[PDB]
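*Asks:* Take a look at the following structure, please.
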Amino acid sequence: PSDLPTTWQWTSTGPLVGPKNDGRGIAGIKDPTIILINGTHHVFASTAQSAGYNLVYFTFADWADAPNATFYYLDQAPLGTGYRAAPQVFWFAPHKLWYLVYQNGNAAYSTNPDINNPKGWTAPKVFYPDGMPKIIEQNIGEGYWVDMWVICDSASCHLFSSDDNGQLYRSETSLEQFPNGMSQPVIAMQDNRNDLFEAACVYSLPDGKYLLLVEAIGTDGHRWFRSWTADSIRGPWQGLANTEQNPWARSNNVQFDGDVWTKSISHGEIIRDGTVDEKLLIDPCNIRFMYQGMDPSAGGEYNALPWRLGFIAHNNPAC
Ligand SMILES: [Ca+2]
């Protein structure tokens with residue numbers, strides 16, 4: 001793709017979004033999905049603690065207002081209590097409904113006619129009503145079925161997911177059938193688990209190509225992103241910036257404006273503006289990526305790690 005560089009450089013904010021002192025005991029705010037509508041950002045994120053995961057909505061105009069944005073917990077909607085994590089939001093234009101895609105042990109979705117109403121999200125329905133696909137059971141190993149992502153073109157809608165074991169899965173259905181009818185997935189891409197771990201993003205580009213981002217665990221133990229491009233959602237995928245020396249986003253290509261608050265660059269999303277619909281279009285000339293990070297000296301149980309959200313802004317746009 002002509003308007004993407006092969007090497008990437010970023011500037012990061014400080015940690016802007018963390019847990020509230022509200023009695024819920026949340027340790028981390030994680031895995032954001034973010035869209036921008038006429039100056040207003042809308043975010044959904046995981047709440048993480050060792051007792052479980054659920055979902056939160058918040059909104060702000062300027063990024064400086066993110067730290068004080070009110071949290072609207074989606075367990076107050078019909079979406080409800082239970083396990084829910086790692087959301088993706090988009091407008092599905094055929095239905096004139098927003099969709100929120102997330103995991104619950106299966107691949108799930110909720111709908112809402114108005115993104116501004118966090119109480120409006122439906123109880124989950126599942127993309128795979130017969131349970132975990134056999135292909136994922138055969139390949140998951142000691143992993144977990146995570147990180148659900150939809151992208152459609154004008155004919156077909158695809159559902160991507162990971163197993164924390166080095167597979168990236170893809171199912172499809174027609175545009176007209178969505179959300180129903182998802183195929184049994186194929187393995188879209190496969191690597192060793194640390195090199196193709198979780199947190200996929202699949203975007204469309206104004207030149208009609210596609211961008212795939214996947215989170216990886218580096219030799220130093222810290223999270224980073226690898227990238228590929230393709231002419232089809234179905235692949236094949238060509239490496240863009242997918243090595244530690246030439247990463248999509250990693251400690252070695254992110255400059256901090258203040259303190260270096262994280263070494264991991266982990267589960268995030270590009271800010272989508274303009275159309276915020278099912279085609280998951282981005283503007284390659286103005287990429288900003290909301291991400292999660294943490295104090296690199298912290299340890300302990302994964303679910304209680306002190307994940308916070310910031311932004312990286314792309315320094316070297318190619319258009
Ligand atoms: Ca995600």
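Order determines the names: the first chain of the structure tokens is A, the second B, and so forth; residues in each chain are numbered 1 upward, and ligands are numbered 1 upward as they are shown.
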Pick out each residue of region 91-145 of chain A that DSSP on the backbone tags as strand (DSSP E); I need them as a list in words.
*Replies:* residues 91, 92, 97, 98, 99, 100, 101, 102, 103, 107, 108, 109, 110, 111, 112, 125 and 126 of chain A
*Asks:* When DSSP works through the backbone of this structure, what residues of region 7-195 of chain A end up as helix (DSSP H, G or I), shown as a ChimeraX atom specification?
*Replies:* /A:63-68,74-76,118-120,134-139,193-195
*Asks:* Select the residues contacting ligand 1 at a distance of at most 12 Å, based on only C-alpha atoms and all ligand atoms, then format the selection as a count of residues only.
*Replies:* 43
*Asks:* Mind giving me the straight-line distance from CA of residue 195 (chain A) to CA of residue 99 (chain A) in Å, one decimal?
*Replies:*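 Atom-to-atom, CA of residue 195 (chain A) and CA of residue 99 (chain A) are spaced 29.5 Å apart.
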*Asks:* Counting only C-alpha atoms, which residue out of A:154, A:117, A:190, A:275 sits closest to residue 173 (chain A)?
*Replies:*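 Closest to residue 173 (chain A), using only C-alpha atoms: A:154.
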*Asks:* What's around region 231-246 of chain A at 6 Å? Count only C-alpha atoms, leave out sequence neighbours fewer than 4 positions away in its own chain, and write the answer as a PDB file with N, CA and C atoms, in the first residue's frame.
*Replies:*
ATOM      1  N   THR A   6       6.939   1.427   5.449  1.00  0.00           N
ATOM      2  CA  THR A   6       7.454   0.161   5.902  1.00  0.00           C
ATOM      3  C   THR A   6       8.137   0.216   7.311  1.00  0.00           C
ATOM      4  N   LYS A 209      -6.745  -1.820  -0.054  1.00  0.00           N
ATOM      5  CA  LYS A 209      -6.041  -2.911   0.621  1.00  0.00           C
ATOM      6  C   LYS A 209      -6.444  -2.949   2.135  1.00  0.00           C
ATOM      7  N   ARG A 226       2.940  -6.466  15.552  1.00  0.00           N
ATOM      8  CA  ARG A 226       3.389  -6.814  14.191  1.00  0.00           C
ATOM      9  C   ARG A 226       2.278  -6.488  13.225  1.00  0.00           C
ATOM     10  N   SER A 227       2.677  -6.200  11.981  1.00  0.00           N
ATOM     11  CA  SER A 227       1.775  -5.757  10.910  1.00  0.00           C
ATOM     12  C   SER A 227       2.058  -6.410   9.548  1.00  0.00           C
TER      13      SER A 227
END
*Asks:* Could you check which of A:73, A:277, A:308, A:206 is closest to residue 19 (chain A), using only C-alpha atoms?
*Replies:*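 Answer, going by the shortest atom-to-atom distance: A:308.
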*Asks:* At a cut-off of 10 Å, using only C-alpha atoms, what residues contact residue 187 (chain A)? Leave out same-chain residues fewer than 4 positions from it and give the result as a PDB file with N, CA, C and O atoms, in the first residue's frame.
*Replies:*
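And here is the file that came out, around.pdb:
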ATOM      1  N   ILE A 135     -11.975 -26.874  14.869  1.00  0.00           N
ATOM      2  CA  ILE A 135     -10.661 -26.455  14.473  1.00  0.00           C
ATOM      3  C   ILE A 135      -9.935 -25.700  15.597  1.00  0.00           C
ATOM      4  O   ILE A 135      -8.722 -25.824  15.815  1.00  0.00           O
ATOM      5  N   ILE A 136     -10.682 -24.900  16.390  1.00  0.00           N
ATOM      6  CA  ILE A 136     -10.064 -24.170  17.459  1.00  0.00           C
ATOM      7  C   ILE A 136      -9.829 -25.159  18.594  1.00  0.00           C
ATOM      8  O   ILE A 136      -8.760 -25.168  19.174  1.00  0.00           O
ATOM      9  N   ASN A 139      -6.557 -26.960  18.113  1.00  0.00           N
ATOM     10  CA  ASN A 139      -5.329 -26.225  17.974  1.00  0.00           C
ATOM     11  C   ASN A 139      -5.021 -25.343  19.189  1.00  0.00           C
ATOM     12  O   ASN A 139      -3.907 -24.826  19.352  1.00  0.00           O
ATOM     13  N   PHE A 160     -12.677 -12.660  12.952  1.00  0.00           N
ATOM     14  CA  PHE A 160     -11.333 -13.075  13.335  1.00  0.00           C
ATOM     15  C   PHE A 160     -11.264 -13.369  14.821  1.00  0.00           C
ATOM     16  O   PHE A 160     -12.000 -12.710  15.616  1.00  0.00           O
ATOM     17  N   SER A 161     -10.437 -14.285  15.285  1.00  0.00           N
ATOM     18  CA  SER A 161     -10.243 -14.591  16.694  1.00  0.00           C
ATOM     19  C   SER A 161      -8.958 -15.303  16.894  1.00  0.00           C
ATOM     20  O   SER A 161      -8.305 -15.766  15.919  1.00  0.00           O
ATOM     21  N   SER A 162      -8.436 -15.319  18.096  1.00  0.00           N
ATOM     22  CA  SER A 162      -7.147 -15.896  18.433  1.00  0.00           C
ATOM     23  C   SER A 162      -7.391 -16.936  19.527  1.00  0.00           C
ATOM     24  O   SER A 162      -8.379 -17.071  20.183  1.00  0.00           O
ATOM     25  N   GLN A 167      -2.482 -19.311  16.647  1.00  0.00           N
ATOM     26  CA  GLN A 167      -3.371 -19.291  15.483  1.00  0.00           C
ATOM     27  C   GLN A 167      -4.203 -18.019  15.453  1.00  0.00           C
ATOM     28  O   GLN A 167      -4.550 -17.441  16.529  1.00  0.00           O
ATOM     29  N   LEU A 168      -4.453 -17.535  14.288  1.00  0.00           N
ATOM     30  CA  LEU A 168      -5.432 -16.499  13.972  1.00  0.00           C
ATOM     31  C   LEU A 168      -6.486 -17.149  13.122  1.00  0.00           C
ATOM     32  O   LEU A 168      -6.138 -17.632  12.012  1.00  0.00           O
ATOM     33  N   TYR A 169      -7.761 -17.177  13.573  1.00  0.00           N
ATOM     34  CA  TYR A 169      -8.884 -17.829  12.884  1.00  0.00           C
ATOM     35  C   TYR A 169      -9.727 -16.810  12.158  1.00  0.00           C
ATOM     36  O   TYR A 169      -9.823 -15.743  12.581  1.00  0.00           O
ATOM     37  N   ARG A 170     -10.318 -17.203  11.030  1.00  0.00           N
ATOM     38  CA  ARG A 170     -11.256 -16.367  10.290  1.00  0.00           C
ATOM     39  C   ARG A 170     -12.511 -17.169   9.821  1.00  0.00           C
ATOM     40  O   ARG A 170     -12.357 -18.158   9.192  1.00  0.00           O
ATOM     41  N   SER A 171     -13.698 -16.677  10.156  1.00  0.00           N
ATOM     42  CA  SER A 171     -14.946 -17.193   9.623  1.00  0.00           C
ATOM     43  C   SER A 171     -15.586 -16.109   8.779  1.00  0.00           C
ATOM     44  O   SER A 171     -15.149 -14.992   8.838  1.00  0.00           O
TER      45      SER A 171
END
